[PDB]
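Since the structure comes first, as structure tokens, the remarks are kept for the end.
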Amino acid sequence: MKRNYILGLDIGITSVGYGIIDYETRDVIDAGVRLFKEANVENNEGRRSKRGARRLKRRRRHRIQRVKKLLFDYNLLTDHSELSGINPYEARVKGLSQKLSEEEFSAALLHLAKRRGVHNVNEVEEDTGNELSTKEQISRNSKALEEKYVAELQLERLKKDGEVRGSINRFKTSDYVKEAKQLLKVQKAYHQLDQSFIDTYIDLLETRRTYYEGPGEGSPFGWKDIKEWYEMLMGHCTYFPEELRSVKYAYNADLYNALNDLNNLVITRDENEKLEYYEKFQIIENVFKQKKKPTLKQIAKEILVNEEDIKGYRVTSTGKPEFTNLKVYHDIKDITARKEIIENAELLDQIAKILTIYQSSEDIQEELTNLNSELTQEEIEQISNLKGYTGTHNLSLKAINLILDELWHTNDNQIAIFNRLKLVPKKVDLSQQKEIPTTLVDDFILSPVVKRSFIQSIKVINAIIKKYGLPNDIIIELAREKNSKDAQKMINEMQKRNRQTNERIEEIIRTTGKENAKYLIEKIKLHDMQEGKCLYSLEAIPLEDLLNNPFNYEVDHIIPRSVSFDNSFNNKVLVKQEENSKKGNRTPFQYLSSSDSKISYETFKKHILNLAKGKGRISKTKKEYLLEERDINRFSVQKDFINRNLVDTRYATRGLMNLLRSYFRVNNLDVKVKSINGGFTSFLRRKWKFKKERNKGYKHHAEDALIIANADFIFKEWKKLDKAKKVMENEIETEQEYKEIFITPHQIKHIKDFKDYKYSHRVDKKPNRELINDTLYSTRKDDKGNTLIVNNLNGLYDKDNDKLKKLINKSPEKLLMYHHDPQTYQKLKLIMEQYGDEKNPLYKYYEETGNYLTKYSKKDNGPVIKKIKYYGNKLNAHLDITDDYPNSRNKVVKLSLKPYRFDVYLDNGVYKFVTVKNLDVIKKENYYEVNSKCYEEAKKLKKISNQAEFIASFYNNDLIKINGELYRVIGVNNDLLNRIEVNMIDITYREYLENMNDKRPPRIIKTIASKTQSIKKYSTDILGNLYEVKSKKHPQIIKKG
Amino acid sequence: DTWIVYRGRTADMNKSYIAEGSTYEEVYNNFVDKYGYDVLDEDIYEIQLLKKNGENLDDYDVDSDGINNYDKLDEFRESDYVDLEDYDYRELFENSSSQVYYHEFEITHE
RNA sequence: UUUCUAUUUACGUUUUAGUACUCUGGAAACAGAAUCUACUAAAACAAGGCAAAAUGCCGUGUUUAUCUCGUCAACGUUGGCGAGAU
């Protein structure tokens, strides 16, 4: 119904937790968490790389087919002719002279066509695992091909080295074209050829689709012409719809980023701390046009002030000050320095766009040539070889100019410019839409994990709005981890840091001889960081007195928590009780200025600066907090502290906040949405003592969310921070007041006691997900009549691979060699026995004899042996593709048929199920339909009668209820044995085992074949309500897809 | 301290699977979480455990699907098995060719 | 903040065919046998679905409770629409 409530979100990487809090009574209407499999860039890299292959294979087959059709036209190739025996390499060399028979000629042309070779030498996109780069390989081949054509080099390699294929046969298309025309000029004198045929064949040989032409007609991933190419590569700007987004390395956008940094810088001087228009122009010109990489010292020298007074700039990971440089402008000045080029913003922009979109240098030089500029021909050739310009989607140029104008005139930053101008996304009209539209999340450039999390969170918001009405306030937390590969790296690093601190504590314990260190960890961490020096009075502090008299020292906060909002060790220090009492709720600047301190401010600053550099014991923010000369009473300074410590600033959170604010503003809904920093929720978890454990399952992602919502209620019951809310949703107090405001654990036990934490998982009905694992294992037939898969041993000569050894000693009869070729087994065995001590006897044999294990021969002319094949295991499930490979004496199979869904039937009182495998979902146009014949065959294979009643059909993650215990299906394990796989709904089983320290295997596998009293289907909405689902009486055949 | 990164390419060298962790055991645990449990050959962890304890694989009906006699496997699990030694999770990854045909492990010490 | 696409090369897993290998009959021409180990050509490379001599085109990613009402669309079931319920 209509109930005022605060909504809180915990937007993780693999979950989105939601919580509802009563506006009045701190109550909890409903909590929960939506789940989803972690999005990964890899999968999409999968579909794309494969698509890229299918296309290469299709183009190769089409070129072969077109050449074959062309040669039918001239009667050179006919169906009766046999091309089986002709050798391609020997025919190309002969035909470079003499004459070729009609067959040999056909073989040779078809042969060059199958392999044209690369065209743009650097165009290749591949790793250097082959140990020879593509460009170096072509360079060596060209150095070898001065007087010899391609065929000659390949034939010479086959006769001398014995091989042609491999990584040595990477060539360039020009040599192939030269060979083709050279052979054709000779062979046209004997056969009926015309210049039209010659041109057609050469075209077919060197033809290729440029990166700006795309696929042909009718493709969903294509474009009609090059204007549409710009539109697709750039996209329409969300801020101004009709204008297209510009490139990022372009000069105007470089100026915008650089001006952001310049505006952010704070310089302690008699003038304003923020630089004004004229000196901003002076600094930008001098620094960013005379020096390639700007540094802070250069700025300090040009404004002739102390570098010590400059604060508030981005820093690299290594601590070096970072300033974004006009890379394109300096790159221009490197080659040419004329005035006519460097002071033309439009020319520099167009140059940048061309370099960024046009990968090939030949296209770049042509496009600058078509641009009627002052560039000269000699300069264009040099400029065309510029690199590193690789950013495609960036704020539109028309908006960039508007932001740059405001930046030049005023000292503001981008966020407040956006708020002032009230720039609103216009790609989708927010007025007409009934609910928040998930389309807008596509445009902001966010990693796929964050995109999926945002879409799920928006759907959760839509569901909650539809259920409990309009939310008075929404609080959104995006979690710190970008992706899982970072959650582990961070957890590992934190574990290592925890271990080093534990080691310091243990070393102290032995020397001290007391257990006081057990509760003194916070102070002892501070002591060595301050090197036993009271930062407020410089007096030396012995480490022993800290343990003996812990009350003589206290953990004071550098900045009052009423404004700093920071509770990290960076904002903590060990000080004399008298020092802390005298300091009060103020800043160290005015206190060291005051006579209370027994040291002067300048000496304090000198000690702090030298200490910060030495031993890396003072963090970057710690010295800024210590040396914060600006008065905290100023509204701008309190706002700055709130933003750096309480308001998230990462692009992702901002974009989501801006989208939600725009949606609520357009529809005129009085909904305040606000963000919370990642460390703030950790602190509020610590001070309310809710951190008992992190393995209670997924309910953790819910509980944190609840706390997030509670933050709102503690930002409106107290007027002292109320203004701060107005800052964060768009007096000065001591630390005990801060503790009174936040520590108070009243009505927070509700989070401890709430047990009805609804959970939900994302069903994955998508068809065509994957079909068969790809490794076309061959098979053989053994004596007992079975069929065995023949896995192949590879990399035998490598130092660490000992498989051959283990197999030889344990089971020789498994190597195919044992029976089909015995002598060679004898040679391998004699080698294994003599050098058996080494992990890899073959490597040790190579290290002393320098010969690979050759096949046994009477003349010792045998070939090398690099792959030995062996019988492996028996065959149970297989997609037999033997029909594709013609006349195959032995079967060819693929394994691991990935199941799509399974349907449960109740026949004669017993429950069975038929597995609709993904291979049985054929695709016709838009609809995806279950192959009726294969489905019927599978149904009959399970011994299912025709009157069997239909109960349900389960996809992935649909909730099942077997004998009364709810579970979520992951997929059927083995269909023949009637085994399905379920992981518990609340906590992943792997965790359920650790909270009991059991060692049972990690995947619950349950059996539906018999003794299964009930198999019902339960389903859960995005929020998480559990509603038993009564399904239809015929299994679904057509999914719209 | 050591970081081991598993780069596994599918047979065509086209689709690439990559996981990383502190001890090889961590590599297997991440690869079965991030890229699913059937990317490696079916039932490889069990097959290696049975082989290390010393049981005859044929009795349990080893198949491409792997242990097919679940009843007996459960009995072996009941007996105190001898656990894997974190030097054989490498073997678990290099004896699977169903999808990850080419497996190359890089070990960084720092 | 770094996603989404685009073109291309070499490889690579597999079968068949050929040339080497191994073996037997055997003076062997060769006949075979074995299909093991190397090359070499051609073919297939997620099941398949369109299209129709085209510098041809889709198929492993995003979006997903279920049931329902009606509305509309594809085509009876799916949509999509909306409005509910569970």
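FYI, nothing fancy with the structure tokens labels: chains A, B, ... in order, residues from 1 per chain, ligands from 1 as they appear.
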
* Would you list which chain B residues are within 8 Å of chain A using only C-alpha atoms, as a PyMOL selection string? -> chain B and resi 10-11+14-17+20-21+34+38-39+42+62-65+77+97-99+101

So that I can check the surroundings of range 103-107 of chain B, please list as a compact mmCIF listing (two decimals) with N, CA and C atoms, in the first residue's frame every protein, DNA and RNA residue that reaches within 9 Å of it, counting only C-alpha atoms (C1' of nucleotides) and ignoring chain neighbours fewer than 3 positions away.
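Below you can see around38.txt, which holds the result:
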# COMPACT_ATOMS: atom_id res chain seq x y z
N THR B 2 53.60 -16.71 -4.25
CA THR B 2 53.74 -16.99 -5.69
C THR B 2 52.38 -16.82 -6.37
N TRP B 3 52.36 -16.26 -7.58
CA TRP B 3 51.08 -16.15 -8.33
C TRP B 3 51.24 -17.07 -9.54
N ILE B 4 50.31 -18.01 -9.73
CA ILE B 4 50.36 -18.92 -10.91
C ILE B 4 49.18 -18.59 -11.80
N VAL B 5 49.42 -18.26 -13.07
CA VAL B 5 48.31 -17.86 -13.98
C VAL B 5 48.13 -18.95 -15.04
N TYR B 6 46.92 -19.50 -15.19
CA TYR B 6 46.68 -20.61 -16.14
C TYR B 6 46.13 -20.02 -17.43
N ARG B 7 46.84 -20.17 -18.54
CA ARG B 7 46.28 -19.69 -19.81
C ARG B 7 45.93 -20.94 -20.59
N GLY B 8 44.66 -21.12 -20.90
CA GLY B 8 44.23 -22.30 -21.64
C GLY B 8 43.51 -21.90 -22.89
N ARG B 9 43.93 -22.43 -24.02
CA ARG B 9 43.31 -22.05 -25.28
C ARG B 9 42.50 -23.23 -25.77
N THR B 10 41.37 -23.01 -26.44
CA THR B 10 40.59 -24.13 -26.99
C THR B 10 41.33 -24.61 -28.20
N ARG B 90 48.04 -29.52 -11.03
CA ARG B 90 48.60 -29.23 -12.37
C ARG B 90 48.24 -30.43 -13.23
N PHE B 93 44.72 -30.34 -14.50
CA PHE B 93 44.47 -29.42 -15.63
C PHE B 93 45.11 -29.98 -16.89
N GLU B 94 46.25 -30.66 -16.79
CA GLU B 94 46.94 -31.09 -18.03
C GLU B 94 46.51 -32.49 -18.47
N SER B 97 41.40 -32.63 -21.98
CA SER B 97 41.52 -32.09 -23.35
C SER B 97 40.14 -31.86 -23.97
N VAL B 100 39.76 -27.42 -23.00
CA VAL B 100 41.03 -26.67 -22.88
C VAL B 100 42.19 -27.49 -23.43

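Each of C:60, C:19, C:85, C:30 was compared to chain A using only C-alpha atoms (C1' of nucleotides), and C:60 turns out to be the nearest.
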
Counting only C-alpha atoms (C1' of nucleotides), which residues of chain C come no farther than 12 Å from chain B, as a PDB file with N, CA, C and O atoms (P, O5', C5', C4', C3', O3' and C1' of nucleotides), in the first residue's frame?
ATOM      1  P     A C  10      47.676 -17.681 -44.726  1.00  0.00           P
ATOM      2  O5'   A C  10      48.179 -18.554 -43.492  1.00  0.00           O
ATOM      3  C5'   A C  10      49.511 -19.041 -43.455  1.00  0.00           C
ATOM      4  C4'   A C  10      50.141 -18.860 -42.098  1.00  0.00           C
ATOM      5  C3'   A C  10      50.077 -20.050 -41.157  1.00  0.00           C
ATOM      6  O3'   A C  10      51.047 -21.037 -41.452  1.00  0.00           O
ATOM      7  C1'   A C  10      49.500 -18.089 -39.981  1.00  0.00           C
ATOM      8  P     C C  11      50.605 -22.450 -42.076  1.00  0.00           P
ATOM      9  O5'   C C  11      49.424 -22.947 -41.132  1.00  0.00           O
ATOM     10  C5'   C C  11      49.640 -23.971 -40.172  1.00  0.00           C
ATOM     11  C4'   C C  11      49.956 -23.391 -38.818  1.00  0.00           C
ATOM     12  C3'   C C  11      49.547 -24.233 -37.619  1.00  0.00           C
ATOM     13  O3'   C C  11      50.492 -25.244 -37.309  1.00  0.00           O
ATOM     14  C1'   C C  11      48.844 -21.996 -37.299  1.00  0.00           C
ATOM     15  P     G C  12      50.104 -26.801 -37.492  1.00  0.00           P
ATOM     16  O5'   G C  12      48.894 -27.036 -36.464  1.00  0.00           O
ATOM     17  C5'   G C  12      49.171 -26.938 -35.056  1.00  0.00           C
ATOM     18  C4'   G C  12      47.876 -26.789 -34.304  1.00  0.00           C
ATOM     19  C3'   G C  12      46.867 -27.925 -34.449  1.00  0.00           C
ATOM     20  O3'   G C  12      47.159 -28.973 -33.539  1.00  0.00           O
ATOM     21  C1'   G C  12      45.775 -25.860 -34.731  1.00  0.00           C
ATOM     22  P     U C  13      47.218 -30.468 -34.048  1.00  0.00           P
ATOM     23  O5'   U C  13      45.766 -31.007 -33.716  1.00  0.00           O
ATOM     24  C5'   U C  13      45.357 -31.153 -32.357  1.00  0.00           C
ATOM     25  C4'   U C  13      43.889 -31.467 -32.303  1.00  0.00           C
ATOM     26  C3'   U C  13      43.414 -32.535 -33.269  1.00  0.00           C
ATOM     27  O3'   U C  13      43.606 -33.862 -32.778  1.00  0.00           O
ATOM     28  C1'   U C  13      41.999 -30.658 -33.423  1.00  0.00           C
ATOM     29  P     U C  14      44.037 -35.066 -33.758  1.00  0.00           P
ATOM     30  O5'   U C  14      42.811 -35.179 -34.768  1.00  0.00           O
ATOM     31  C5'   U C  14      41.518 -35.531 -34.302  1.00  0.00           C
ATOM     32  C4'   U C  14      40.557 -35.746 -35.443  1.00  0.00           C
ATOM     33  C3'   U C  14      41.064 -36.603 -36.590  1.00  0.00           C
ATOM     34  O3'   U C  14      40.993 -37.991 -36.317  1.00  0.00           O
ATOM     35  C1'   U C  14      40.020 -34.669 -37.453  1.00  0.00           C
ATOM     36  P     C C  45      32.013 -26.782 -41.478  1.00  0.00           P
ATOM     37  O5'   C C  45      32.920 -26.773 -40.167  1.00  0.00           O
ATOM     38  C5'   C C  45      32.464 -27.395 -38.950  1.00  0.00           C
ATOM     39  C4'   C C  45      33.523 -27.314 -37.876  1.00  0.00           C
ATOM     40  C3'   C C  45      33.994 -25.918 -37.507  1.00  0.00           C
ATOM     41  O3'   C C  45      33.100 -25.273 -36.606  1.00  0.00           O
ATOM     42  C1'   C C  45      35.855 -27.371 -37.685  1.00  0.00           C
ATOM     43  P     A C  46      32.605 -23.760 -36.881  1.00  0.00           P
ATOM     44  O5'   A C  46      31.371 -23.584 -35.904  1.00  0.00           O
ATOM     45  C5'   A C  46      30.325 -24.558 -35.892  1.00  0.00           C
ATOM     46  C4'   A C  46      30.578 -25.556 -34.795  1.00  0.00           C
ATOM     47  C3'   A C  46      29.476 -26.575 -34.551  1.00  0.00           C
ATOM     48  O3'   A C  46      29.641 -27.672 -35.442  1.00  0.00           O
ATOM     49  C1'   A C  46      30.231 -25.668 -32.499  1.00  0.00           C
ATOM     50  P     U C  60      26.355 -17.064 -31.542  1.00  0.00           P
ATOM     51  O5'   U C  60      26.823 -17.691 -30.155  1.00  0.00           O
ATOM     52  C5'   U C  60      25.870 -18.055 -29.165  1.00  0.00           C
ATOM     53  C4'   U C  60      26.516 -18.730 -27.980  1.00  0.00           C
ATOM     54  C3'   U C  60      27.593 -17.917 -27.268  1.00  0.00           C
ATOM     55  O3'   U C  60      27.562 -18.218 -25.875  1.00  0.00           O
ATOM     56  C1'   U C  60      28.528 -19.933 -28.062  1.00  0.00           C
TER      57        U C  60
END

* To do: Could you tell me, as a PyMOL selection string, which residues of range 5-110 of chain B DSSP assigns to alpha helix (DSSP H) when given the backbone?
  => chain B and resi 24-34+44-53+70-78+89-94

* At a cut-off of 7 Å, list the chain C residues touching chain A, using only C-alpha atoms (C1' of nucleotides), as a ChimeraX atom specification. => /C:1,3,6-11,13-16,18,21-22,34,36-39,41,44,46-49,55-57,60-61,64-67,78-79,86

* Near residue 348 in chain A, counting only C-alpha atoms (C1' of nucleotides), which residues have an atom at most 10 Å away, once you skip same-chain residues fewer than 3 positions from it, shown as a list in words? ->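 The filter keeps residues 250, 251, 252, 328, 329, 332, 341, 342, 343, 344, 345, 351, 352 and 353 of chain A.
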
Output the selection as a short mmCIF file (atom, residue, chain, number, x, y, z; two decimals), in the first residue's frame - C-alpha atoms for each residue.
data_model
loop_
_atom_site.label_atom_id
_atom_site.label_comp_id
_atom_site.auth_asym_id
_atom_site.auth_seq_id
_atom_site.Cartn_x
_atom_site.Cartn_y
_atom_site.Cartn_z
CA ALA A 250 41.39 14.85 -30.00
CA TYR A 251 42.90 18.24 -28.92
CA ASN A 252 39.70 19.90 -27.69
CA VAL A 328 48.32 15.14 -30.03
CA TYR A 329 49.67 18.70 -29.90
CA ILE A 332 52.30 17.54 -34.05
CA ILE A 341 48.91 23.97 -38.06
CA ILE A 342 49.24 24.18 -34.28
CA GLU A 343 46.79 27.06 -33.65
CA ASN A 344 43.85 25.54 -35.57
CA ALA A 345 41.58 23.58 -33.22
CA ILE A 351 43.66 14.96 -37.63
CA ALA A 352 42.97 13.19 -34.33
CA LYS A 353 39.68 11.65 -35.51
#

* To do: Run DSSP on the backbone of this structure and report the residues of chain B it assigns to strand (DSSP E or B), as a list in words.
  =>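 So the strand (DSSP E or B) residues in chain B would be residues 2, 3, 4, 5, 6, 7, 8, 9, 16, 17, 18, 19, 20, 21, 102, 103, 104, 105, 106, 107, 108 and 109 of chain B.
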
Export, as a PDB file, in the first residue's frame, the selected residues with C-alpha atoms.
ATOM      1  CA  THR B   2      53.742 -16.992  -5.695  1.00  0.00           C
ATOM      2  CA  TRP B   3      51.085 -16.152  -8.329  1.00  0.00           C
ATOM      3  CA  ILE B   4      50.364 -18.921 -10.908  1.00  0.00           C
ATOM      4  CA  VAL B   5      48.308 -17.860 -13.981  1.00  0.00           C
ATOM      5  CA  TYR B   6      46.676 -20.610 -16.138  1.00  0.00           C
ATOM      6  CA  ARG B   7      46.279 -19.690 -19.812  1.00  0.00           C
ATOM      7  CA  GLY B   8      44.231 -22.301 -21.642  1.00  0.00           C
ATOM      8  CA  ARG B   9      43.311 -22.048 -25.285  1.00  0.00           C
ATOM      9  CA  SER B  16      40.737 -18.432 -24.434  1.00  0.00           C
ATOM     10  CA  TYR B  17      40.082 -19.350 -20.772  1.00  0.00           C
ATOM     11  CA  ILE B  18      42.352 -17.796 -18.063  1.00  0.00           C
ATOM     12  CA  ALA B  19      42.379 -18.211 -14.278  1.00  0.00           C
ATOM     13  CA  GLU B  20      44.943 -17.357 -11.595  1.00  0.00           C
ATOM     14  CA  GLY B  21      45.528 -18.140  -7.877  1.00  0.00           C
ATOM     15  CA  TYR B 102      46.421 -26.344 -25.104  1.00  0.00           C
ATOM     16  CA  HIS B 103      47.339 -25.609 -21.443  1.00  0.00           C
ATOM     17  CA  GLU B 104      50.338 -23.381 -20.514  1.00  0.00           C
ATOM     18  CA  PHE B 105      51.013 -22.427 -16.849  1.00  0.00           C
ATOM     19  CA  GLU B 106      53.183 -19.356 -16.000  1.00  0.00           C
ATOM     20  CA  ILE B 107      54.522 -19.203 -12.403  1.00  0.00           C
ATOM     21  CA  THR B 108      55.681 -15.788 -11.080  1.00  0.00           C
ATOM     22  CA  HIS B 109      57.703 -15.607  -7.824  1.00  0.00           C
TER      23      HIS B 109
END

* Atom pair CA of residue 607 in chain A / CA of residue 565 in chain A: separation (Å) ->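 These two atoms are separated by 26.2 Å.
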
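The space separating CA of residue 501 in chain A from CA of residue 997 in chain A comes to 27.3 Å.
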
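By only C-alpha atoms (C1' of nucleotides), and with residues fewer than 3 positions from residue 49 in chain B along its chain excluded, the set lying at most 12 Å from it is residues 1001 of chain A; 43, 44, 45, 46, 52, 53, 54, 55, 56, 57, 67, 73, 76, 77, 80, 81, 82, 83, 84, 85, 86, 88, 89, 91 and 92 of chain B.
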